[PDB]
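Heads up: the structure comes next, in C-alpha cells.
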Amino acid sequence: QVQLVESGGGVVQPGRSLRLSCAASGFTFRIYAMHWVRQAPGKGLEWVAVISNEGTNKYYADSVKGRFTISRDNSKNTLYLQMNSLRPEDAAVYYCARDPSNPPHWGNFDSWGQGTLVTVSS
Amino acid sequence: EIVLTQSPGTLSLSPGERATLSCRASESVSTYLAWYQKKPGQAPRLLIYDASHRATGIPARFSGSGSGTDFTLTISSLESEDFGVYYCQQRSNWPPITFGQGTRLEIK
Amino acid sequence: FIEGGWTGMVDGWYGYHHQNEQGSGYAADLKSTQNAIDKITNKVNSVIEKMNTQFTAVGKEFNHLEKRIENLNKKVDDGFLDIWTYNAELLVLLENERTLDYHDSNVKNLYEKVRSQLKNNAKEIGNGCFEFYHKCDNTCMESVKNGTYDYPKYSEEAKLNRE
Amino acid sequence: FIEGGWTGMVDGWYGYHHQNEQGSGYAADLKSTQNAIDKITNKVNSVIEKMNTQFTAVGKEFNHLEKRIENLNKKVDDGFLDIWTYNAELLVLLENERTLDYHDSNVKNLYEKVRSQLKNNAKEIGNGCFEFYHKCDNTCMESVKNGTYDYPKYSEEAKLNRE
Amino acid sequence: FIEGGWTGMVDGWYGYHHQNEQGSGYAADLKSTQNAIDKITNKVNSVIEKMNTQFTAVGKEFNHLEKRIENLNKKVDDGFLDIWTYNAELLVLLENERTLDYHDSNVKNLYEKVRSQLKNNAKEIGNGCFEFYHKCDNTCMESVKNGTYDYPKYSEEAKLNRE
Amino acid sequence: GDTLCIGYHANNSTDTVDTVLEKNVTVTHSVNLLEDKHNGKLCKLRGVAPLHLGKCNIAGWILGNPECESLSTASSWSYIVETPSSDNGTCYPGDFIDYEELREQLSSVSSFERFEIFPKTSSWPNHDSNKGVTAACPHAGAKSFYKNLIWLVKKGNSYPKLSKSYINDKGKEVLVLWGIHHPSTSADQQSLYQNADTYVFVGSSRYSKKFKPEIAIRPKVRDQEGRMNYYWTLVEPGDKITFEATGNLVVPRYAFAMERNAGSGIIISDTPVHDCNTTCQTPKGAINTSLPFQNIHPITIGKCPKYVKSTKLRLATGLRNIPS
Amino acid sequence: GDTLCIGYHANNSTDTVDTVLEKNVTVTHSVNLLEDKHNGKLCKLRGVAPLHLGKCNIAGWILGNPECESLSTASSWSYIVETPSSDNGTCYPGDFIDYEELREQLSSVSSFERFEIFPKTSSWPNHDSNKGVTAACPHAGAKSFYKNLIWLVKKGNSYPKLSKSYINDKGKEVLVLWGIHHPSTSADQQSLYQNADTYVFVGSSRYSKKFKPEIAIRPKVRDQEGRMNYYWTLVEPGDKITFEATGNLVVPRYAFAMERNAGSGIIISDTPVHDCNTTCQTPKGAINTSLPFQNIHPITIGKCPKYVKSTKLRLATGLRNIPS
Amino acid sequence: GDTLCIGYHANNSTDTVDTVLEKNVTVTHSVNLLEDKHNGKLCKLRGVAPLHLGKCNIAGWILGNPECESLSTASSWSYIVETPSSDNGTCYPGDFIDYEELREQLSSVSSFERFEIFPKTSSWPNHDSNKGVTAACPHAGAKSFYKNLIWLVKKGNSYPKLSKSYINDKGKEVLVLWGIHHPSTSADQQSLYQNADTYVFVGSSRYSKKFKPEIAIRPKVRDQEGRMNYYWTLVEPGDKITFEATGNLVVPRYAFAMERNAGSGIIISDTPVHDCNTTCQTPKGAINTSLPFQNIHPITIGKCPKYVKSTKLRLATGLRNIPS
Ligand SMILES: *[C@@H]1O[C@H](CO)[C@@H](O[C@@H]2O[C@H](CO)[C@@H](O)[C@H](O)[C@H]2NC(C)=O)[C@H](O)[C@H]1NC(C)=O
Ligand SMILES: *[C@@H]1O[C@H](CO)[C@@H](O[C@@H]2O[C@H](CO)[C@@H](O)[C@H](O)[C@H]2NC(C)=O)[C@H](O)[C@H]1NC(C)=O
Ligand SMILES: *[C@@H]1O[C@H](CO)[C@@H](O[C@@H]2O[C@H](CO)[C@@H](O)[C@H](O)[C@H]2NC(C)=O)[C@H](O)[C@H]1NC(C)=O
Ligand SMILES: *[C@@H]1O[C@H](CO)[C@@H](O)[C@H](O)[C@H]1NC(C)=O
Ligand SMILES: *[C@@H]1O[C@H](CO)[C@@H](O)[C@H](O)[C@H]1NC(C)=O
Ligand SMILES: *[C@@H]1O[C@H](CO)[C@@H](O)[C@H](O)[C@H]1NC(C)=O
Ligand SMILES: *[C@@H]1O[C@H](CO)[C@@H](O)[C@H](O)[C@H]1NC(C)=O
Ligand SMILES: *[C@@H]1O[C@H](CO)[C@@H](O)[C@H](O)[C@H]1NC(C)=O
Ligand SMILES: *[C@@H]1O[C@H](CO)[C@@H](O)[C@H](O)[C@H]1NC(C)=O
Ligand SMILES: *[C@@H]1O[C@H](CO)[C@@H](O)[C@H](O)[C@H]1NC(C)=O
Ligand SMILES: *[C@@H]1O[C@H](CO)[C@@H](O)[C@H](O)[C@H]1NC(C)=O
Ligand SMILES: *[C@@H]1O[C@H](CO)[C@@H](O)[C@H](O)[C@H]1NC(C)=O
Ligand SMILES: *[C@@H]1O[C@H](CO)[C@@H](O)[C@H](O)[C@H]1NC(C)=O
Ligand SMILES: *[C@@H]1O[C@H](CO)[C@@H](O)[C@H](O)[C@H]1NC(C)=O
Ligand SMILES: *[C@@H]1O[C@H](CO)[C@@H](O)[C@H](O)[C@H]1NC(C)=O
Ligand SMILES: *[C@@H]1O[C@H](CO)[C@@H](O)[C@H](O)[C@H]1NC(C)=O
Ligand SMILES: *[C@@H]1O[C@H](CO)[C@@H](O)[C@H](O)[C@H]1NC(C)=O
Ligand SMILES: *[C@@H]1O[C@H](CO)[C@@H](O)[C@H](O)[C@H]1NC(C)=O
C-alpha cells in the first residue's frame, strides 16, 4: 500500500528556520507529484506547496510565498519543506499528500499522511 | 483565486437519513471539483473527485453533483462513521489551491 | 502519448492548458479549430452533396405471366441494394478512420509547432506539456499560442536554469 | 530509416534488440503487436462481413423473340460486373496502401516512445538504434521496454561519458 | 513549417537550396522525385487500368405498349449513372487527398532524413530548414545531399563556432 | 517554473461510431448519414396532389365502377394511391388486356379532363342503350353497369350493323376504353344481339383489331357465366377511331383527354393522404431529408435517397471522446 | 558495449500484394479476398436436393415424355439441374407457350405431388384414349404418347362434345397442362375426330381462351407434319377449370399440386450431384466460402459472393517483408 | 553563414482539383479522368463501317421501299444508323409484327447476301404478280410496291390455292419477310383474290401460324383504308418454310442470307458518317480515349468509358502549387 510518514515537527520561535520531511514507501516516488497541506487551529485546510515528480517547477501559497521552499530527494524517496522567518499564523499541523496524476491533471489528493504539528511560540 | 463558500456552516442531523452539503464557486470550475473528509485527529480522505467519480475504497453512499458554479455533495445513508468536518476542492484555476471554509457535520 | 481529452475545454476542438504563477485553465486555439471544423464540414458536405438522384419510381407491376421480368427487376433492385449497402458502410468506415487520423495529426502538428518554437527554453515532460525553465507570464504564454515567441529574450534565463 | 526487418523475431511483429554484456537477442513488444493484430483482423473482418447478400438467381432464360430483354439482362450483369470489379480492385489496393502506412506508423510510434523516453541519455546512431551513454544493464533494458526508464538515475553517468 | 514552393526549382518535385561563399542555387533530389513520379504514375494508371469495360450497347428500343420495360431499362441506366457518378467523384476526391498527403509526407521524410543526418552540427532556424554551424562548401553540401555526411569530422568546428 | 500543455476537447457524449481498425469508438460529435424517419403521410410530389382511389383500383376508376362514383377526378395528379384491401374493379369478370401498361401510363397526368366522347341520347337511335345492366355491378342494391361504358342491346328484335367514329381535334391524346362481351350460351347471344355469329372491329391509324366473341360455358364468377374483355387505345390528335360491330360491342360514352408526364408509380399503402409537400415519397410515409441514404422502404418515388440495408450510418465529425 | 535497437518482423513468405503506389510488393502475411476454388460438385441449397432431370429437360419431364419415366419424383427441390445435352422434350413437335416462365416458376417447390386429375378408365366413356399414340414419341420401339397427357380420338364413328371440369380443393395451386392438336390434312381431321370444324375452349376464374385449330401442311419434324401448341395455367385453391372442346383436345390426366418458392433458377451443367450442403451454387461446382468476391462463374444461385473478372484479390495483413 | 534549405516545386499553373477537405486546390500538375471531347463523326466500329440508311427506316430498307433503292448495301456492318428526320418506312399502312426484335436482330452482321428466294417470272404462273401496286408509296410518280414483296392478285378471274417452299441449304440463316393484306371492303376482297373467305398459312419447323384477314373500314392514312400486316422469321440451315394461301398473301421475293454478330444497336443521329476507326461510338460522335469516365452521351456502343454527370474529374498528380 501507500505510506507517508512525516517528521520534523516541533516547537520553534518566530523568526527562526525549521525543516520538515515526509518519508514515502510502497510506491515509486519519482513518478507522482507531491504536496503539502496545512490546517491552522480554528481555521480550515490551507494548501501550502507543490513539487513535481522530477522537482523542477514549484508553487507556494500567497501567504507563504518567498518564505517557503519545497524540495525532494527522489533517490532517498523523501519530500522536504523549508521555512525562513516564520509567522504566528504559520503554526498548523502539516500533511504531506500525493497527487495521483501529472502536470496535465494536477489537483486532488489521493493519499495522505499522519502529519506533524508545528507550534510557533515564544 | 476561485473562492469556495460552503453553506450551511454547520449541518446537524441524526444518523440514518439524507445529508446535503453545498459549496459555491465564484468562477465556473467546469467539473474539476472534489470533496474531502476530516475526522478529529485522523488524516483527510478523498471520497469523490471531478464531482462524479468516487475513489477506490470509498463507500457508494457518497455522491456529488454540480457543474460550473453550484456544487452539492449528497450522502445517501448517514452511518456512525460519517460524522466530521467536510471540505470542498477546486483545481481549475489554481496557482493557489483553495479549500472551502468547512461544514461541521455532527450528531443532533 | 496524450492520455485523455479535456472536458473543461469548450471554446474549441484544439487548444492549451496554461499554468503559471498568476493563472491556470484552458485557452482553445481558434484558428486550428476553425480550420478543422471547416475541413470536416466540407468533408460531410462533399459526401452528402455528390449524390444527385433523378426523379424516378422504383416499383414496377407485372402480372402472373411476367414472372421472369419481375425476377429481373427484383435482381436489379437487390444488386443496387447490395452495391449501395457495401459502398455506404465502407465509405463510413474509411472516412471515420480518415477523420480520426486527421484529428490525431492536428494534435501532433500543434505539438510540433509549439515544440519547434520553444526549442531549449522549455522541457518536454510528456503528455504534450512543456515545463518552462524561465519565467513566462500570461503575455509570454499567450504569445507562444499563436507563434510570436521571442526565444533570445528568455534564452539566457533558460540556460541559467537548466544547469 | 530502419532499412530491413529481422527474421529472428517469431512471436511479435514489433519489438526490440538489446545488446549488452550479458548477451543479446530479440524481444517482442507484445502490446503494440497485439494492438496491430487486433486492428488488422478487425479491418479484414470488416471487409468480409459487410457483404450482406441475399438469396438470388443471376441467370435468366429467354426465347428467340425476347432478344431485347436478354440484352437488357446482359447489360445489367455486365454493369454489375464492372462496378464490383472496379470497386473490389480499388478497395484492395487502397487498403493495402493503408495497411502498409499503418505498419510504418506503428514503427515510428514505437521509435518516438523510445526516443522521448531516453531523451539525452543515449545517442541517435540511426537504423532504429540507440546506444546508451551509460552502462544500461538488462534490468535497464526491460525498464526501457515496459516504459519505466529512470532518466535522472543515469543522467549523471550519461553526462560523464558524453564528453 | 514551409511557407511555399520555389519557382526556381524546375527539374524536380522535391529538392534543396544551398547557400555558401561559393554561391547559391537550387538542386532537386532526383531519387525521391523519381520515386514520387513512379508511384503517382502507378496510381493514375491504377485508377485508369482497372476499368475493364466489355463491348456493349446501352441503347434499347421499345414500342408504345412496352412502357414498363422501357422504364425498367431507364431505371437500370440511371442507377448505373448514379453509382458511377458517386464513386467517380468520391474516388477523385480521396485520391487528391491522398496525393497531397503523400507529397507532404515525402517533404517531411526528406526533412527528417536531413535532420537525422546533421544532428547537432546544424542550427534549425525555421522555414523548414537548417543553418550550418561550421563552414560547409559545395562538396560538404553535396555530401549532405548524398546521405553520407559523416558527423564527427565537423563536430569540433561546430562546437567551437556554436559558443 | 511554468507549464504549457497540448490537449483536445472532450464532451459527455456517448455517440459511438464504427471505424475500420476499431469498432464502437465514442466520439465528441457525429453526423448521421442515414435517414430512418418518415412523417407517416402521403404528401404531394412537386406540388401536385396524388390521386387516391380508396376502395377502388385503377380499372374500377377508369371503367366507372358503381362503387367509384363518389371519387373526385382532379385535373392533374402525381401518383396513384390504392388501398391494399381494394377489390372494386372489373365487376363483370374477364381479362383487362394490358392492365399494367395502362396503369404505367396513368401514373402521372399533367392535364386530365373527362368528356362525353359519344352522348347516350344522341349517338345510337337504332340501338338500345338502357337495358345494358347486370347483377355483377350493383348500385344501391339494384342492377347497374359501368359508368364509362354502354352495354348495347338489340332494339326490339334487331341489332343491325353499327358504325361510329370520333374525330380528335383538341390537341391532346384521348384514351378510349371499350369492351367485348362473351356470352356463355348461344341462347344468351340470341337474347342480347339475335345474330348467332357476330364480330367486333375497332380500328384507328395505329390500332386495328377484329374481335370475335367466344360462346362457351365458364366457371361462375360473381354470378356471371360469361366473360368480358376490356381493351384500351390512345388516340393521337388529328386522328380518328372507328367502332364497327354486328354485336357484342360495349362502347365508351366517356373518354379522357390526357397530357401525360413521365417517371411515376402506384403506391399500395394504408397511409392516409395529408396536405404536405415532399420531394420523396414512400408507402410507409414521405421522406424529407438531404442525407444520401435511407432505410425506410425500397420502393420510393421522387428524388429519393438510395435504399440501404444499414441500421446505423454515422459519420464521425469531432475527436475521440476520452474523458480522464 | 550497450545498445538498444528497435525493428520489425521479417519472414520467408514470398506472398506479394499490389498497392496503389507500388505493384508487386512482398508482405509477410496476407488474406485472400477472392474465392477461385470450388468443390466441382452440384450440392444442395438450404438442405434440399436439386431436381436432376438427366437427359430430359423441363418440358419433357413435366409433360411425361417416354424418355423421362426413369426419373425420380421428389416432393421438393432447391433448383433444377439441366445438362447441355438435354434434348428430350416435346417429342411431338410444336410450340410451348410461355415455356421459359414455366421453367421459372417450377425452379423451386415446397410440395410436389403428381395426382391423377382425370382418371383414364372412368372419366371419358364417350371417346377413345387407347388409339392416341404416335411414332414421334416411341417407347421401346412401340408407338406411345405422353404419360401426363392423353390424345383423345373418336370412339367408333362419333366424337361427342367434351365437357369436363375439375375443382381444386386441396389448398395448393394446381398446374394444369394440356395442348391443342393441329392435324396436317383434313383427312386426318376426319380420321381421328370425324368433325371437320372443331374448337377448344378452356376457362377458369381468371383464364379464358378459345382455340381454333389450324389445319395445313407444315415442314416435317420427327415424321410429323402437324404441331401441338402446349398450354398451361395455375388453378388457385377454391377455383375450378372447365375444359370444353368439339375436337382437337389433348386432355390432362396427371396434374401437380405445387407451392412456389421465390429466388431459384436453372443450372446448365454436366456436373454430377452429390450429398452435400452448400449456401452457394454454380454450374462449375459449389462455392463453399465466406469471402466477399468470387471469380468462378457469373451465373450463381444462393447466398453467393459478387462475381469479378480479376484473378488475384489479396489483402495484405502483415508488414513489408525485408529480410536483410 | 552557410545555409542549406529544403523546399519543393511551384509552377505558374492555374489547374485546380477538388479535395475532400478543401475545394479549388491549385496543383502544379494534374491529369484528367474525364473525356469531354468528340470528333462529331460516326466512325467505324472495329474497322467495319456502319449501315447508314439515310432518310429511310429499317422496315423500309428491309422490305424494299422505293425511296430506299439509292441506298448502298454492304456485306457486313457494325451498327445501324438512322436519322431523326427519317420518315420513310412501311409505306403502306399497317402493323409490322416484332419490329423492335427485327431491329435488334439486324444491328450487326458478319455476312449479308441478299438473294432472290422466289423468282418473279418462274414461281407463280397461276397467279398475277404484276398488278400488285398501289399509290400508298410511289416510285417517281408511278404506282409502285415493295422491292422485296410481291402483291399477288387474281390472274384474270382465277386465284387458285398457293403452295411454295424454299429449303435453306446454303449454310446460313435466311431471314424471310412476307406481308398479309387486309382489304377495306369485301368488294376489294373479291376484286383482288376472288374468294370471299381466305386464309394465309406460313409454316416452318418452329414457326407455324395460320392467318385470316380482317376486312373492315379503317381510318384513312396515305389514302388507304385497308391494312397490311408484315411478319418475319429466321430459317435455320437445313430447314424449309411453307407459304400456303388461298388469298391475302404478299409473298416474299428477295430474302436475306445472314450470320449475325450479337451485341450492337441502332444510332439515330443527324451526325454525318466519316472514314475512321474507333472503339467507342455515340450519337454525338466518336470517343477515342483510355480514360475510364466520359460525360458526352449516355447511349454508347463498344468499349466505352462510363457515363457520369460530373463536369470535371481532375486527378492531382503534382503538389500543392504555392508560388511565393
Ligand atoms: C366492391 O367491393 C366489395 C368488397 O370489397 C364487394 O362486396 C363483396 O361482394 C361479394 C360478392 O357478392 C361478397 O361475396 C362479399 O361478401 C362482399 N364483401 C363485402 C365486404 O360486402 C362488392 O361486390 C364490390 N362491388 C362491385 C361493383 O364490384
Ligand atoms: C431422346 O433423345 C435421343 C437422343 O438425344 C433420341 O434418339 C435419337 O432419335 C433419332 C430419331 O428417332 C435417331 O435418328 C437417333 O439415332 C437417336 N439417337 C440415339 C443415340 O438413340 C430419342 O429419339 C429421343 N426420344 C424422344 C421420345 O424424344
Ligand atoms: C418519304 O418521306 C417524305 C417525307 O420525309 C414523304 O413526303 C411527304 O409525303 C406525304 C404523303 O405522300 C405528303 O403529304 C407530304 O407533302 C410529303 N412531304 C414532302 C416534304 O415531300 C414521302 O412521301 C415519303 N415517301 C414514301 C415512299 O413513303
Ligand atoms: C497572432 O499572430 C500575430 C502575428 O502573425 C500577432 O500579431 C498576434 O498578436 C497573435 N495573436 C495572439 C492572440 O497571440
Ligand atoms: C515491466 O513492467 C512492470 C509493470 O508493467 C514494471 O513494474 C516492471 O518494472 C517492468 N520491468 C522492468 C525490468 O522494469
Ligand atoms: C553521391 O551519390 C552518387 C550516386 O550514388 C555517387 O556517385 C557519389 O559518389 C556520391 N557522393 C559522395 C561524396 O559520396
Ligand atoms: C452534457 O453537459 C451539458 C452541460 O455541460 C448538458 O447541457 C448536456 O445535457 C450534457 N449531455 C449529456 C448527454 O449528459
Ligand atoms: C458496441 O456496442 C454494441 C451495443 O452496445 C455492442 O454490442 C458491441 O459489442 C460494442 N462493440 C464492441 C467492439 O465492443
Ligand atoms: C405546397 O406547395 C404549394 C405550391 O405548389 C403551396 O401552395 C402549398 O402551400 C404547399 N404546402 C405545404 C404544406 O407546404
Ligand atoms: C424538411 O426538413 C427541413 C430541415 O431538415 C425543414 O427546414 C423543412 O421545413 C422540412 N420540410 C417539411 C415539408 O417539413
Ligand atoms: C518458410 O519456412 C517454414 C519453416 O519454418 C516452411 O514451413 C515454409 O514452407 C517456408 N516458406 C517458404 C515460402 O519458403
Ligand atoms: C509482379 O508480378 C507480375 C505478374 O507476375 C509481373 O508482371 C511483375 O513484373 C512483377 N513485379 C516485379 C517487380 O517483378
Ligand atoms: C444438410 O442439412 C440438413 C438439415 O439442414 C441435415 O439434416 C443434413 O444432414 C445435411 N447434410 C450434410 C451432408 O451435412
Ligand atoms: C464448407 O467449408 C467449411 C470451412 O470452410 C467446412 O467446415 C465445411 O465442412 C464445408 N462444407 C462442406 C459441405 O464440405
Ligand atoms: C508558365 O511559364 C512557362 C515558361 O517557362 C510558360 O511556357 C507557360 O506557358 C506558363 N504557363 C502559364 C499558364 O502561363
Ligand atoms: C472555385 O472557383 C469557381 C470559379 O472558378 C467558383 O465558382 C467556386 O465558388 C470556387 N470554389 C469555392 C469553394 O470558392
Ligand atoms: C482502321 O482500322 C482498321 C482495322 O481493321 C483498318 O482496316 C483501317 O484501314 C483503319 N482506318 C484508318 C483510317 O486508319
Ligand atoms: C487516339 O488518340 C491517341 C492520342 O491520344 C492517338 O495516338 C491514336 O492514334 C488515336 N486513335 C484513333 C483511332 O484516332
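Please note that chains go A, B, ... in the order of the C-alpha cells, that every chain numbers its residues from 1, and that ligands are numbered from 1 in the order shown.
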Leaving out residue G:50 and any residue of its chain fewer than 6 positions from it, which residues lie within 6 Å of it when counting only C-alpha atoms, given as a PyMOL selection string?
-> chain G and resi 77-80
List all protein, DNA and RNA residues that have at least one atom no more than 9 Å from any atom of ligand 13, counting only C-alpha atoms and all ligand atoms, and write them as a VMD selection string.
-> chain G and resid 44 to 48 274 to 278
What residues have any atom no more than 9 Å from ligand 15 when counting only C-alpha atoms and all ligand atoms, and can you list them as an NGL selection string?
-> (:E and (10)) or (:H and (11-15))
Determine which residues of stretch 106-163 of chain E receive a DSSP assignment of strand (DSSP E or B), computed from the backbone, and state them as a tab-separated table (two decimals) with N, CA and C atoms, in the first residue's frame.
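Wrote it out as out-v5.tsv, contents follow:
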```
chain	number	residue	atom	x	y	z
E	122	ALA	N	24.01	21.42	-37.13
E	122	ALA	CA	23.25	22.42	-37.86
E	122	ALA	C	22.26	23.11	-36.93
E	123	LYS	N	22.05	24.40	-37.17
E	123	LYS	CA	21.09	25.20	-36.41
E	123	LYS	C	19.79	25.25	-37.20
E	124	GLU	N	18.75	24.61	-36.67
E	124	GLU	CA	17.42	24.65	-37.26
E	124	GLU	C	16.84	26.03	-37.03
E	125	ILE	N	16.80	26.85	-38.09
E	125	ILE	CA	16.41	28.25	-37.97
E	125	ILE	C	14.98	28.50	-38.41
E	126	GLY	N	14.19	27.45	-38.57
E	126	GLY	CA	12.85	27.63	-39.07
E	126	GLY	C	12.83	27.75	-40.58
E	129	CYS	N	14.01	24.35	-42.38
E	129	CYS	CA	15.37	24.06	-42.82
E	129	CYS	C	16.39	24.42	-41.74
E	130	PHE	N	17.67	24.36	-42.12
E	130	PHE	CA	18.80	24.39	-41.20
E	130	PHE	C	19.81	25.46	-41.61
E	131	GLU	N	20.58	25.91	-40.63
E	131	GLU	CA	21.78	26.71	-40.86
E	131	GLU	C	22.97	25.97	-40.29
E	132	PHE	N	24.04	25.87	-41.07
E	132	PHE	CA	25.21	25.10	-40.66
E	132	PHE	C	26.03	25.89	-39.65
```
Could you report the residues within 6 Å of ligand 4, using only C-alpha atoms and all ligand atoms, as a PyMOL selection string?
-> chain C and resi 142-143+145-147
Writing out the chosen residues with N, CA, C and O atoms as a tab-separated table (two decimals), in the first residue's frame:
```tsv
chain	number	residue	atom	x	y	z
C	142	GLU	N	0.61	33.57	-23.76
C	142	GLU	CA	-0.30	33.89	-24.86
C	142	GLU	C	0.46	34.10	-26.17
C	142	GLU	O	-0.07	33.79	-27.24
C	143	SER	N	1.68	34.63	-26.10
C	143	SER	CA	2.47	34.82	-27.31
C	143	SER	C	2.97	33.50	-27.88
C	143	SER	O	3.22	33.41	-29.09
C	145	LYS	N	1.10	30.92	-27.97
C	145	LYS	CA	-0.10	30.26	-28.51
C	145	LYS	C	-0.28	30.50	-30.00
C	145	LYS	O	-0.86	29.65	-30.69
C	146	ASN	N	0.20	31.63	-30.52
C	146	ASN	CA	-0.03	31.98	-31.92
C	146	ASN	C	1.22	31.92	-32.78
C	146	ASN	O	1.10	31.76	-34.00
C	147	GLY	N	2.41	32.04	-32.20
C	147	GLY	CA	3.63	31.98	-32.99
C	147	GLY	C	4.47	33.24	-32.95
C	147	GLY	O	5.13	33.57	-33.94
```
Test item: residues lying within 12 Å of ligand 2 with only C-alpha atoms and all ligand atoms, as a VMD selection string = chain G and resid 54 to 57 59 to 61 63 to 69 83 to 93 134 to 147 221 to 224
Once you count only C-alpha atoms and all ligand atoms, which residues end up within 12 Å of ligand 7, and could you hand them over as a PyMOL selection string?
-> (chain B and resi 28-31+66-69) or (chain C and resi 7-10) or (chain F and resi 10-15+28-29)
Skip residue C:128 itself and residues of its chain fewer than 2 positions away, then list as a PyMOL selection string all residues within 10 Å of it, counting only C-alpha atoms.
-> (chain A and resi 104) or (chain C and resi 1-3+16-17+107-108+110-112+114-115+124-126+130) or (chain F and resi 4-7)
Exercise answer, 9 Å around ligand 12 with only C-alpha atoms and all ligand atoms, as a PDB file with N, CA, C and O atoms, in the first residue's frame:
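Saved file out.pdb follows:
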```pdb
ATOM      1  N   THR G  16       3.059 -11.723 -52.345  1.00  0.00           N
ATOM      2  CA  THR G  16       3.140 -10.342 -52.794  1.00  0.00           C
ATOM      3  C   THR G  16       1.743  -9.778 -52.999  1.00  0.00           C
ATOM      4  O   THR G  16       0.829 -10.496 -53.416  1.00  0.00           O
ATOM      5  N   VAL G  17       1.582  -8.490 -52.697  1.00  0.00           N
ATOM      6  CA  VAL G  17       0.322  -7.785 -52.883  1.00  0.00           C
ATOM      7  C   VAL G  17       0.568  -6.575 -53.771  1.00  0.00           C
ATOM      8  O   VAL G  17       1.706  -6.173 -54.023  1.00  0.00           O
ATOM      9  N   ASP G  18      -0.526  -5.990 -54.243  1.00  0.00           N
ATOM     10  CA  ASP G  18      -0.486  -4.807 -55.091  1.00  0.00           C
ATOM     11  C   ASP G  18      -1.158  -3.649 -54.369  1.00  0.00           C
ATOM     12  O   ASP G  18      -2.299  -3.775 -53.913  1.00  0.00           O
ATOM     13  N   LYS G  23       3.323  -1.776 -57.177  1.00  0.00           N
ATOM     14  CA  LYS G  23       2.823  -3.072 -57.603  1.00  0.00           C
ATOM     15  C   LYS G  23       3.867  -4.135 -57.292  1.00  0.00           C
ATOM     16  O   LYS G  23       5.071  -3.871 -57.397  1.00  0.00           O
ATOM     17  N   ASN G  24       3.387  -5.320 -56.895  1.00  0.00           N
ATOM     18  CA  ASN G  24       4.205  -6.498 -56.581  1.00  0.00           C
ATOM     19  C   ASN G  24       5.203  -6.196 -55.458  1.00  0.00           C
ATOM     20  O   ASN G  24       6.420  -6.247 -55.634  1.00  0.00           O
ATOM     21  N   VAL G  25       4.656  -5.873 -54.288  1.00  0.00           N
ATOM     22  CA  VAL G  25       5.440  -5.636 -53.080  1.00  0.00           C
ATOM     23  C   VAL G  25       5.249  -6.823 -52.140  1.00  0.00           C
ATOM     24  O   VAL G  25       4.131  -7.331 -51.980  1.00  0.00           O
TER      25      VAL G  25
END
```
Enumerate the residues of stretch 92-178 of chain G with a DSSP assignment of helix (DSSP H, G or I), computed from the backbone, and present them as a PyMOL selection string.
-> chain G and resi 99-105
Please write the residues from the selection above to a file, keeping N, CA, C and O atoms, as a PDB file, in the first residue's frame.
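Generated output (again-v1.pdb):
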```pdb
ATOM      1  N   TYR G  99     -42.956 -21.057 -72.212  1.00  0.00           N
ATOM      2  CA  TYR G  99     -42.133 -22.175 -71.760  1.00  0.00           C
ATOM      3  C   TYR G  99     -41.095 -21.730 -70.740  1.00  0.00           C
ATOM      4  O   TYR G  99     -40.887 -22.404 -69.722  1.00  0.00           O
ATOM      5  N   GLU G 100     -40.443 -20.594 -70.995  1.00  0.00           N
ATOM      6  CA  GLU G 100     -39.443 -20.061 -70.079  1.00  0.00           C
ATOM      7  C   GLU G 100     -40.050 -19.633 -68.751  1.00  0.00           C
ATOM      8  O   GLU G 100     -39.377 -19.706 -67.719  1.00  0.00           O
ATOM      9  N   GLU G 101     -41.324 -19.251 -68.739  1.00  0.00           N
ATOM     10  CA  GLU G 101     -41.973 -18.890 -67.487  1.00  0.00           C
ATOM     11  C   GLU G 101     -42.409 -20.112 -66.686  1.00  0.00           C
ATOM     12  O   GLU G 101     -42.425 -20.058 -65.452  1.00  0.00           O
ATOM     13  N   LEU G 102     -42.756 -21.215 -67.355  1.00  0.00           N
ATOM     14  CA  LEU G 102     -42.939 -22.469 -66.632  1.00  0.00           C
ATOM     15  C   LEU G 102     -41.614 -22.997 -66.098  1.00  0.00           C
ATOM     16  O   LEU G 102     -41.580 -23.624 -65.033  1.00  0.00           O
ATOM     17  N   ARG G 103     -40.517 -22.756 -66.824  1.00  0.00           N
ATOM     18  CA  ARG G 103     -39.192 -23.068 -66.297  1.00  0.00           C
ATOM     19  C   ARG G 103     -38.865 -22.212 -65.079  1.00  0.00           C
ATOM     20  O   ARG G 103     -38.246 -22.691 -64.123  1.00  0.00           O
ATOM     21  N   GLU G 104     -39.262 -20.937 -65.108  1.00  0.00           N
ATOM     22  CA  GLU G 104     -39.005 -20.038 -63.988  1.00  0.00           C
ATOM     23  C   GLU G 104     -39.833 -20.411 -62.763  1.00  0.00           C
ATOM     24  O   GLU G 104     -39.324 -20.394 -61.637  1.00  0.00           O
ATOM     25  N   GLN G 105     -41.106 -20.753 -62.961  1.00  0.00           N
ATOM     26  CA  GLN G 105     -41.996 -20.986 -61.829  1.00  0.00           C
ATOM     27  C   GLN G 105     -41.778 -22.345 -61.173  1.00  0.00           C
ATOM     28  O   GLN G 105     -42.048 -22.496 -59.978  1.00  0.00           O
TER      29      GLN G 105
END
```
Check every residue of chain E for an atom within 6 Å of chain H, counting only C-alpha atoms, and provide those that qualify as a ChimeraX atom specification.
-> /E:4-7,9,13-20,48,53-59,81,85,92-93,96-97,129,131-132
Using atom CA of residue F:169 and atom CA of residue F:115 as the two end points, give the distance in Å to one decimal.
->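 Straight-line distance from atom CA of residue F:169 to atom CA of residue F:115 works out to 13.3 Å.
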Tell me, in Å to one decimal, how far atom CA of residue F:243 is from atom CA of residue F:117.
->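 These atoms are spaced 12.5 Å apart.
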